[PDB]
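Visitor: Input structure: query_8.txt, which contains compact mmCIF, C-alpha atoms and all ligand atoms.
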```txt
# COMPACT_ATOMS: atom_id res chain seq x y z
CA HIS A 3 -84.39 90.98 -15.75
CA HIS A 4 -85.92 90.89 -19.31
CA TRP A 5 -87.02 94.57 -19.53
CA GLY A 6 -86.80 96.47 -22.84
CA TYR A 7 -88.94 98.72 -25.08
CA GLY A 8 -91.29 96.19 -26.79
CA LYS A 9 -95.10 95.76 -26.33
CA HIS A 10 -94.35 92.82 -23.99
CA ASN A 11 -91.37 94.19 -21.91
CA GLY A 12 -91.64 98.00 -22.38
CA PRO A 13 -92.15 100.95 -20.03
CA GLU A 14 -95.78 100.00 -19.14
CA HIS A 15 -94.50 96.62 -17.76
CA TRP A 16 -91.46 97.94 -15.80
CA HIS A 17 -93.42 98.59 -12.52
CA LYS A 18 -93.97 94.83 -11.91
CA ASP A 19 -90.23 94.17 -11.31
CA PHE A 20 -89.39 97.82 -10.38
CA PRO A 21 -92.29 99.25 -8.32
CA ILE A 22 -90.47 102.66 -8.01
CA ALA A 23 -91.57 103.03 -11.68
CA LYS A 24 -94.74 104.60 -10.15
CA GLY A 25 -92.78 106.70 -7.61
CA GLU A 26 -92.78 110.41 -6.64
CA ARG A 27 -89.74 111.62 -8.68
CA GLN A 28 -89.64 109.55 -11.88
CA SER A 29 -87.97 110.66 -15.13
CA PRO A 30 -88.29 111.79 -17.82
CA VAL A 31 -90.94 114.56 -17.60
CA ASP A 32 -92.53 117.09 -19.91
CA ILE A 33 -90.90 120.54 -19.49
CA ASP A 34 -93.68 123.15 -19.58
CA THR A 35 -91.61 126.23 -20.61
CA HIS A 36 -94.35 128.61 -19.34
CA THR A 37 -94.52 127.18 -15.73
CA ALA A 38 -90.73 126.58 -15.32
CA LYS A 39 -89.51 129.51 -13.21
CA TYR A 40 -86.19 131.42 -13.51
CA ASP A 41 -84.23 130.70 -10.30
CA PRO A 42 -81.65 133.36 -9.32
CA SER A 43 -80.35 130.93 -6.56
CA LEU A 44 -78.73 128.75 -9.33
CA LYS A 45 -74.90 129.20 -9.50
CA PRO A 46 -73.09 129.20 -12.89
CA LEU A 47 -72.93 125.73 -14.58
CA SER A 48 -69.32 124.41 -14.96
CA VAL A 49 -68.73 121.64 -17.60
CA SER A 50 -64.98 120.75 -17.31
CA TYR A 51 -64.24 118.05 -19.95
CA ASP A 52 -60.68 119.16 -21.00
CA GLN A 53 -59.07 116.07 -19.33
CA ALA A 54 -61.90 113.58 -20.18
CA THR A 55 -60.49 110.05 -20.81
CA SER A 56 -62.86 107.89 -22.92
CA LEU A 57 -62.01 104.16 -22.92
CA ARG A 58 -64.63 101.96 -24.58
CA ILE A 59 -68.02 101.84 -26.38
CA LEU A 60 -70.44 99.05 -25.38
CA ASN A 61 -73.77 97.91 -26.91
CA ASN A 62 -75.60 96.85 -23.68
CA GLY A 63 -78.81 95.71 -25.46
CA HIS A 64 -80.72 98.94 -24.51
CA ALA A 65 -78.41 101.67 -25.97
CA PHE A 66 -74.67 102.11 -26.49
CA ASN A 67 -72.51 103.61 -23.71
CA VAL A 68 -69.24 105.51 -24.22
CA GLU A 69 -67.41 104.75 -20.98
CA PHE A 70 -64.81 107.02 -19.30
CA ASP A 71 -61.94 106.51 -16.86
CA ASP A 72 -63.55 107.92 -13.64
CA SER A 73 -60.64 106.80 -11.33
CA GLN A 74 -59.66 110.52 -10.89
CA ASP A 75 -61.31 114.01 -11.21
CA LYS A 76 -60.60 114.34 -14.98
CA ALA A 77 -64.01 115.28 -16.46
CA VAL A 78 -66.44 116.90 -13.99
CA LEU A 79 -69.73 118.79 -13.80
CA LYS A 80 -70.25 121.39 -11.05
CA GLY A 81 -72.29 124.49 -10.26
CA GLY A 82 -75.84 125.16 -11.42
CA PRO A 83 -78.09 123.31 -8.91
CA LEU A 84 -75.21 121.00 -7.80
CA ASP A 85 -73.41 120.87 -4.43
CA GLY A 86 -69.88 119.51 -4.89
CA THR A 87 -68.22 117.58 -7.71
CA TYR A 88 -69.77 115.08 -10.14
CA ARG A 89 -67.48 112.88 -12.27
CA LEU A 90 -68.36 111.84 -15.86
CA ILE A 91 -68.63 107.99 -16.09
CA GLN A 92 -70.54 107.40 -19.40
CA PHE A 93 -72.72 108.93 -22.06
CA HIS A 94 -75.43 107.37 -24.22
CA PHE A 95 -78.44 108.35 -26.33
CA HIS A 96 -82.12 107.53 -26.64
CA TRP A 97 -83.62 107.80 -30.14
CA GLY A 98 -86.62 107.06 -32.35
CA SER A 99 -87.64 104.89 -35.32
CA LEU A 100 -88.47 108.22 -37.10
CA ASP A 101 -87.32 111.84 -36.69
CA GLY A 102 -90.57 112.91 -34.92
CA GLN A 103 -89.84 110.86 -31.76
CA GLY A 104 -86.91 109.59 -29.67
CA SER A 105 -86.26 112.07 -26.81
CA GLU A 106 -87.26 111.12 -23.24
CA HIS A 107 -87.80 114.67 -21.95
CA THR A 108 -90.25 116.75 -24.00
CA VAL A 109 -90.51 120.54 -24.25
CA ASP A 110 -94.15 121.75 -24.28
CA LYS A 111 -94.95 118.12 -25.39
CA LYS A 112 -92.45 118.41 -28.32
CA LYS A 113 -90.44 115.21 -28.95
CA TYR A 114 -86.91 115.61 -30.39
CA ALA A 115 -85.31 112.96 -32.65
CA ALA A 116 -82.93 111.87 -29.87
CA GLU A 117 -81.53 112.80 -26.45
CA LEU A 118 -77.90 112.59 -25.16
CA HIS A 119 -77.36 111.76 -21.47
CA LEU A 120 -73.90 112.60 -19.97
CA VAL A 121 -73.93 110.68 -16.65
CA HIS A 122 -71.95 112.00 -13.64
CA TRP A 123 -71.75 110.66 -10.04
CA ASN A 124 -71.23 112.69 -6.82
CA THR A 125 -67.60 112.12 -5.68
CA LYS A 127 -68.68 112.54 -1.93
CA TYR A 128 -70.11 108.93 -2.28
CA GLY A 129 -66.84 107.40 -3.58
CA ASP A 130 -68.22 105.09 -6.36
CA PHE A 131 -71.16 104.97 -8.78
CA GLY A 132 -72.80 102.00 -6.97
CA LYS A 133 -72.95 103.96 -3.69
CA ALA A 134 -74.00 107.20 -5.46
CA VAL A 135 -77.16 105.65 -7.03
CA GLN A 136 -78.34 104.83 -3.44
CA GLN A 137 -78.47 108.60 -2.64
CA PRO A 138 -81.08 111.22 -3.64
CA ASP A 139 -78.23 113.55 -4.81
CA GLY A 140 -76.02 110.69 -6.17
CA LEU A 141 -76.06 111.50 -9.92
CA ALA A 142 -76.23 114.54 -12.25
CA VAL A 143 -77.33 113.74 -15.81
CA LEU A 144 -76.76 116.44 -18.43
CA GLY A 145 -79.47 115.97 -21.08
CA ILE A 146 -79.05 117.43 -24.56
CA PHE A 147 -81.72 117.24 -27.31
CA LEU A 148 -80.86 116.20 -30.88
CA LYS A 149 -82.75 117.58 -33.89
CA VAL A 150 -82.20 116.42 -37.51
CA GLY A 151 -80.52 119.10 -39.65
CA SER A 152 -76.79 119.81 -40.20
CA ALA A 153 -74.30 117.03 -39.25
CA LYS A 154 -72.64 117.29 -35.80
CA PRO A 155 -68.92 116.94 -36.68
CA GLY A 156 -67.98 115.80 -33.15
CA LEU A 157 -70.56 112.97 -33.30
CA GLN A 158 -69.10 111.30 -36.44
CA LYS A 159 -66.41 109.23 -34.59
CA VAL A 160 -69.27 107.71 -32.51
CA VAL A 161 -71.35 107.04 -35.70
CA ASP A 162 -68.40 105.38 -37.50
CA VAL A 163 -67.69 102.82 -34.69
CA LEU A 164 -71.36 101.61 -34.43
CA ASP A 165 -70.74 99.06 -37.27
CA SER A 166 -68.31 97.23 -34.85
CA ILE A 167 -70.86 96.99 -31.92
CA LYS A 168 -74.02 96.08 -33.82
CA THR A 169 -75.29 93.54 -31.23
CA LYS A 170 -75.80 93.25 -27.45
CA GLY A 171 -72.53 92.54 -25.56
CA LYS A 172 -70.20 93.83 -28.32
CA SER A 173 -67.68 96.53 -27.30
CA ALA A 174 -64.84 98.35 -29.04
CA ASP A 175 -61.89 100.51 -27.96
CA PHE A 176 -63.03 104.17 -27.88
CA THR A 177 -60.05 106.16 -26.57
CA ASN A 178 -59.34 109.87 -27.12
CA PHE A 179 -62.98 110.89 -27.79
CA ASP A 180 -63.68 114.50 -26.74
CA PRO A 181 -67.25 114.89 -25.41
CA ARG A 182 -67.00 118.73 -25.72
CA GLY A 183 -67.79 118.18 -29.45
CA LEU A 184 -71.36 117.05 -28.45
CA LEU A 185 -72.32 120.32 -26.59
CA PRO A 186 -74.39 123.20 -27.99
CA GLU A 187 -73.16 126.85 -27.75
CA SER A 188 -75.48 127.77 -24.81
CA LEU A 189 -75.49 126.14 -21.36
CA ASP A 190 -78.99 127.62 -20.55
CA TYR A 191 -80.83 124.72 -18.78
CA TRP A 192 -83.86 123.49 -16.93
CA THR A 193 -83.30 121.42 -13.75
CA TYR A 194 -85.49 119.16 -11.53
CA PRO A 195 -85.02 116.16 -9.21
CA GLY A 196 -85.77 112.78 -10.85
CA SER A 197 -84.61 109.26 -11.58
CA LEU A 198 -82.77 106.92 -13.89
CA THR A 199 -85.02 106.54 -17.02
CA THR A 200 -84.24 102.76 -17.25
CA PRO A 201 -84.59 99.99 -14.64
CA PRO A 202 -83.71 100.10 -11.81
CA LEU A 203 -85.36 103.59 -12.11
CA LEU A 204 -83.55 104.77 -8.91
CA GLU A 205 -84.61 108.23 -7.66
CA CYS A 206 -81.00 109.48 -7.44
CA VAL A 207 -80.66 112.05 -10.31
CA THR A 208 -80.42 115.83 -10.47
CA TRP A 209 -81.52 116.39 -14.10
CA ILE A 210 -79.96 119.28 -16.01
CA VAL A 211 -81.57 119.59 -19.48
CA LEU A 212 -80.02 122.11 -21.91
CA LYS A 213 -82.49 124.35 -23.72
CA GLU A 214 -80.43 124.52 -26.97
CA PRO A 215 -80.55 121.29 -28.98
CA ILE A 216 -77.65 120.09 -31.14
CA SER A 217 -78.19 119.45 -34.87
CA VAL A 218 -77.23 116.00 -36.26
CA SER A 219 -77.70 114.83 -39.86
CA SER A 220 -80.38 112.35 -40.97
CA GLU A 221 -77.41 110.09 -42.02
CA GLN A 222 -75.98 110.21 -38.45
CA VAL A 223 -79.27 109.21 -36.75
CA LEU A 224 -80.00 106.55 -39.47
CA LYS A 225 -76.74 104.84 -38.34
CA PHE A 226 -78.02 104.78 -34.70
CA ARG A 227 -81.13 102.98 -36.01
CA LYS A 228 -79.06 100.14 -37.62
CA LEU A 229 -77.92 98.93 -34.17
CA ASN A 230 -79.56 95.80 -32.69
CA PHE A 231 -81.15 95.21 -29.26
CA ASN A 232 -80.47 91.45 -29.78
CA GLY A 233 -77.22 89.49 -29.45
CA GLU A 234 -75.27 88.03 -32.42
CA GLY A 235 -77.07 85.09 -34.10
CA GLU A 236 -80.45 86.02 -32.53
CA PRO A 237 -83.53 87.38 -34.35
CA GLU A 238 -82.76 90.98 -35.42
CA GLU A 239 -84.63 93.64 -33.37
CA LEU A 240 -83.56 97.10 -34.56
CA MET A 241 -82.44 99.32 -31.65
CA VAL A 242 -85.04 102.11 -32.14
CA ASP A 243 -87.54 103.82 -29.79
CA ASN A 244 -85.36 103.10 -26.74
CA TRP A 245 -87.04 106.02 -24.84
CA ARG A 246 -89.28 106.10 -21.76
CA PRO A 247 -92.24 108.47 -22.15
CA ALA A 248 -92.86 111.47 -19.86
CA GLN A 249 -93.84 110.53 -16.26
CA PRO A 250 -96.05 112.47 -13.81
CA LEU A 251 -94.38 115.61 -12.41
CA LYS A 252 -96.16 115.12 -9.02
CA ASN A 253 -94.83 117.45 -6.28
CA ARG A 254 -91.92 118.88 -8.33
CA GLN A 255 -90.89 122.23 -9.80
CA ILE A 256 -88.75 122.64 -12.91
CA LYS A 257 -86.38 125.61 -12.51
CA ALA A 258 -84.83 127.61 -15.41
CA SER A 259 -81.24 129.00 -15.34
CA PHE A 260 -82.24 131.84 -17.75
CA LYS A 261 -84.98 134.51 -18.02
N1 LIG B 1 -81.11 107.11 -18.92
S1 LIG B 1 -80.29 107.66 -17.58
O1 LIG B 1 -81.25 108.16 -16.65
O2 LIG B 1 -79.27 108.66 -17.91
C1 LIG B 1 -79.33 106.34 -16.88
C2 LIG B 1 -78.05 106.59 -16.49
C3 LIG B 1 -77.24 105.61 -15.96
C4 LIG B 1 -77.75 104.35 -15.83
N2 LIG B 1 -76.93 103.29 -15.30
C5 LIG B 1 -75.54 103.18 -15.40
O3 LIG B 1 -74.77 104.02 -15.84
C6 LIG B 1 -75.02 101.82 -14.90
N3 LIG B 1 -73.75 101.50 -15.53
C7 LIG B 1 -73.65 101.25 -16.89
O4 LIG B 1 -74.56 101.04 -17.70
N4 LIG B 1 -72.30 101.21 -17.14
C8 LIG B 1 -71.45 101.46 -16.00
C9 LIG B 1 -70.69 102.70 -16.35
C10 LIG B 1 -69.44 102.52 -17.18
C11 LIG B 1 -68.19 102.31 -16.36
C12 LIG B 1 -68.16 100.91 -15.82
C13 LIG B 1 -69.29 100.54 -14.90
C14 LIG B 1 -70.61 100.27 -15.58
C15 LIG B 1 -72.50 101.73 -14.98
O5 LIG B 1 -72.25 102.04 -13.82
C16 LIG B 1 -79.06 104.08 -16.19
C17 LIG B 1 -79.87 105.08 -16.74
ZN ZN B 2 -80.43 107.87 -20.63
```
Any chance you could give the structure as C-alpha cells?
Guide:
Amino acid sequence: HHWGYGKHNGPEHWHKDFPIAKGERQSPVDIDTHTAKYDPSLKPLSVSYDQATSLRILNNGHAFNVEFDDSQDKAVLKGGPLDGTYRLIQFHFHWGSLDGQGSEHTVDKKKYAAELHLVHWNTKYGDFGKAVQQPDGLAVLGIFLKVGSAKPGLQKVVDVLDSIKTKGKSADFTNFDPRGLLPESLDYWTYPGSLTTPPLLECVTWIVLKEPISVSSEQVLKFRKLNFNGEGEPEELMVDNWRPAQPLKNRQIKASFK
C-alpha cells in the first residue's frame, strides 16, 4: 500500500484500498461533551504499567512507535468498559504542522496539538494479529497533548528522535516508563471504533482521557523534524499525521464522570 497523509494518498483516498474507511464504527470521532452520558455501569479504570518493558522505537513512515515486550502480562489495561485483560504492545502520537491541529479525536470540535495512543490487545485472543480480527480485540488509551509546560517524562522520547529521522530507522528504547505520559485524572470518554490508520479495522474500544497533558513547544517542534520519507529520498516532514473526525453513526459516547 502507498497510503499516507498527503493530498494524493491521504484520508480521503483510503476507502479505495480499504473500503471499511466508510464503515459503521470508524475512528476518530468528535466528542460532543454535552451529549456524552455518564454511565454508572462503567467499572473503575485500571492502568497497571509498573512492570512495563519498552524495547525499541521505530519510525514506520507514518509515526514513531515505542514497542513493548508483550510476551507476558507486564503492562496491562483493565476495568472501565473492558472485559478481561489488555496488554500494552506500543504507543505512538499523531500531531500537527502547527499547535492548533494534530489530534484525531476532537472535543466539541476542538483540535489539540497532538494525541498519544497507548495500544493494548485482548489477551483472550492470544496475539495482536488475532485480536485485530475481533470487535473487542484492542483497547486504545487516547491522551490529548496541549502546548504549555514541558512534560518531563516525554523528554527521553524527544531526545531519541534525532536517531530515527527517516522511515525504517529504529533505536534501542529500553527502560522507558510510560506512566510519565499520563495526566493526574483517569476521567474518560469511551465508544466502540476502529484503527485510525489503514487497515482501519473495527476492533477498538476507545478510551479517551478528558485531562490533556502539557508538553512544551520545544518538545512538539522536535516531533515535527521527523520525516515520512526514507533516507536519501525527498524530505517530507512528518506533520499532520492525523485522520479527521468520522461519522458517529449508530454510536453513543459514554462518560466515566458526572
Ligand atoms: N492510530 S491507532 O488507532 O491507535 C492504531 C493502533 C495500532 C495500529 N497497528 C499496529 O499496532 C500494528 N503493529 C505495529 O505498527 N507494530 C506492531 C507492534 C509492535 C510490536 C511488534 C509487532 C508490530 C504491530 O502489531 C494501527 C493504528
Ligand atoms: Zn494512533
Visitor: Could you check the closest approach to residue A:191 for each of A:138, A:156, A:46, A:250 and tell me which residue wins, using all atoms listed in the file?
Guide: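 Counting all atoms listed in the file, the residue closest to residue A:191 is A:46.
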Visitor: Which residues of chain A have any atom within 9 Å of an atom in ligand ZN 2 (chain B) when counting all atoms listed in the file, and what is the closest pair of atoms for each, with the distance in Å to one decimal? Order the rows by chain and rising number and write it as CSV.
Guide:
```
residue,atom,partner,partner_atom,distance
A:65,CA,B:ZN2,ZN,8.4
A:93,CA,B:ZN2,ZN,7.9
A:94,CA,B:ZN2,ZN,6.2
A:95,CA,B:ZN2,ZN,6.1
A:96,CA,B:ZN2,ZN,6.3
A:106,CA,B:ZN2,ZN,8.0
A:117,CA,B:ZN2,ZN,7.7
A:118,CA,B:ZN2,ZN,7.0
A:119,CA,B:ZN2,ZN,5.0
A:120,CA,B:ZN2,ZN,8.1
A:121,CA,B:ZN2,ZN,8.1
A:143,CA,B:ZN2,ZN,8.2
A:145,CA,B:ZN2,ZN,8.2
A:198,CA,B:ZN2,ZN,7.2
A:199,CA,B:ZN2,ZN,6.0
A:200,CA,B:ZN2,ZN,7.2
A:245,CA,B:ZN2,ZN,8.1
```
Visitor: Which polymer residues have any atom within 8 Å of an atom of residue A:81, counting all atoms listed in the file, with same-chain residues fewer than 5 positions away left out, as a PyMOL selection string?
Guide: chain A and resi 44-48+86
Visitor: I need the chosen residues saved as a PDB file, in the coordinates of the input, with C-alpha atoms.
Guide:
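Generated output (selection.pdb):
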```pdb
ATOM      1  CA  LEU A  44     -78.730 128.750  -9.330  1.00  0.00           C
ATOM      2  CA  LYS A  45     -74.900 129.200  -9.500  1.00  0.00           C
ATOM      3  CA  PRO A  46     -73.090 129.200 -12.890  1.00  0.00           C
ATOM      4  CA  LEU A  47     -72.930 125.730 -14.580  1.00  0.00           C
ATOM      5  CA  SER A  48     -69.320 124.410 -14.960  1.00  0.00           C
ATOM      6  CA  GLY A  86     -69.880 119.510  -4.890  1.00  0.00           C
TER       7      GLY A  86
END
```
Visitor: For ligand LIG 1 (chain B), list the contacting residues at 10 Å or closer, counting all atoms listed in the file, as a ChimeraX atom specification.
Guide: /A:28-30,57-62,64-72,90-96,106,117-123,130-132,134-135,141-145,196-209,244-246
Visitor: Using only C-alpha atoms, which protein or nucleic acid residues come within 9 Å of residue A:226? Drop anything in the same chain fewer than 3 positions from it, and give the result as a ChimeraX atom specification.
Guide: /A:97,161,164,222-223,229,241-242
Visitor: Suppose you want the space between atom CA of residue A:249 and atom CA of residue A:108; what is it in Å?
Guide: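 So the two atoms, atom CA of residue A:249 and atom CA of residue A:108, lie 10.6 Å apart.
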Visitor: Using all atoms listed in the file, which of A:24, A:124, A:36, A:56 sits nearest residue A:175?
Guide: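 For residue A:175, the nearest of the given residues is A:56.
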Visitor: Give as JSON, numbers by chain every residue, naming chains and numbers as the document does, that has an atom within 12 Å of (-66.8, 118.7, -36.0), counting only C-alpha atoms.
Guide: {"A": [152, 153, 154, 155, 156, 157, 158, 159, 160, 179, 180, 181, 182, 183, 184, 185, 186, 216, 217, 218]}
Visitor: How many Å lie between atom CA of residue A:168 and atom CA of residue A:11, rounded to one decimal?
Guide: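 Separation of atom CA of residue A:168 and atom CA of residue A:11: 21.1 Å.
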Visitor: Record the distance separating atom CA of residue A:10 and atom CA of residue A:243, expressed in Å with one decimal.
Guide: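 Calculated distance between atom CA of residue A:10 and atom CA of residue A:243 is 14.2 Å.
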